[PDB]
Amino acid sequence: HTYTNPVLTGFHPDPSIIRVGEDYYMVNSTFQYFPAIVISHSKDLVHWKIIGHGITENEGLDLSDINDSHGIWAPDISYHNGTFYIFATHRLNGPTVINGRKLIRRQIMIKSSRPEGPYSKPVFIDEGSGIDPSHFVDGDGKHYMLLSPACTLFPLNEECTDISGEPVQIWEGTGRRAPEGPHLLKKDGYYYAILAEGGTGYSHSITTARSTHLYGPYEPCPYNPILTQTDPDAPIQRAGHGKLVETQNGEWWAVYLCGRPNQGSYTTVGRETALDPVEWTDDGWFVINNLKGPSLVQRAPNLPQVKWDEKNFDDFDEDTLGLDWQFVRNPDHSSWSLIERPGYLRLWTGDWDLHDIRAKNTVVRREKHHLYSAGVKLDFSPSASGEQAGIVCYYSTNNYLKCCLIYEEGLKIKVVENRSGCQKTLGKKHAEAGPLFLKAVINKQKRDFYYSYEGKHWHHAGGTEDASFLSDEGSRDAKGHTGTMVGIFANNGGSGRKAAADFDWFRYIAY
């Protein structure tokens, strides 16, 4: 067959991939979202499903105070001698001292005998000089950590628990700001160093070097940049941060991150993971997509195609929270449940609105399309001012768009946008009592909400004609590194009473 990029749509930055046997595994940055480090599985490199996460509170890292687009980012997954290694960076809210150590970020090492975990408790490697750690072992079994700026090589104990001395930069890069995303690869004696250069913005690219020996000297590639988007009209932009993988059939493919401009320079869905083949030259270099840049349509890998259960309808009947959901920061396990009313996902109304960092139990899944629908059946009965629950299209504390059943001098269905820190009520209609149907209709940059009492007749509650603020660039946040999510929420305002909001099902329709 053929496939269309990106293969893993939705909020999926900083891809990293390994092949073990017939299986392929991917990790993506998650920032303030919990659980941390989303782990995905594929058999054909085209169709991916989420299979778990790296840090799941059993190994207790806490994000309840982490700022937007801070926290766990840029993971690398690797496999050596029956152990899966995930190295990642925890970006701090700001300068923080840990052992006479002015640090703004820390490296994390978790490991497990299985790709989906449970991984070990995060071991910190407090080397705050760079970002995008990647794991590399050499033919002699010595473990190394690559960090930015460019390729700085860190030896590791066996162990991978701490640096065993001497940092050294094996490749400086070409030029261009933010030489990062370092990756090494040993192929036929040579050591291939991979970089991301130009910044994660629209000048993003992939540049590589090569050396006979691990510690250099490395010569630049004559095809640099081996991957970039030079066509500003192409629907896929900001291509970079790649990693190579070789299939069981001898093919070579590269996953990388990319953005889909949504009617302008707005990556509403966030950075996604794209796919493209790797072709080897006769002078010992590799190139992505024959230097043609990101492909829109592409010959699919020579692997048996395996498509997954999308799980776009969640009836909340299984005892386990489905792996496509994410919590904004750590859950409040006292105020959410799938067991207090089986068949329903119960959210007790928290004490904080979505614009606060302390809001809890916002449950959201990724938007994978610019044209989609999101629906919910809700059993909710707000009794006092401020008590509310419903659907939200969420980017960050300063940028969301919510629709909720609320008590505000009687039952009301209310549409509220938070646009770059500015709250505005887009609509408010009288609400009758009883189970309620809410539908979020997303049409490119136009997004509206509809309420219903039987799922058959819909009424417009309110909407916006400009949802550009639900994007990386439109959010105007100091760091727009995530992506817009759609999901459910509940808070009291307001009146610190625990009112139960029972969501019978969630429904996602790409139309």
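Residues carry their position along the shown sequence, with the first being 1.
The mean C-alpha temperature factor is higher for 57-65 when 474-482 and 57-65 are set side by side. Annotation for 436-444 versus 153-161: the higher mean temperature factor (C-alpha) is found in 153-161. Looking at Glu340, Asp324, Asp132, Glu246, the one whose CA carries the top B-factor in the deposited record is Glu340. Within the group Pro294, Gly410, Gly375, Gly390, the record's highest C-alpha temperature factor is found at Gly410. When all modelled residues of the chain are sorted by CA temperature factor, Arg19 is found within the middle third.
For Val97, the recorded CA temperature factor ranks within the highest third of the chain's modelled residues. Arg366 sits in the lowest third of its chain by CA B factor, as recorded in the PDB entry. Looking at the C-alpha B-factors along this chain, the one for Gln107 belongs to the lowest third. Looking at the C-alpha B-factors along this chain, the one for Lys307 belongs to the middle third.
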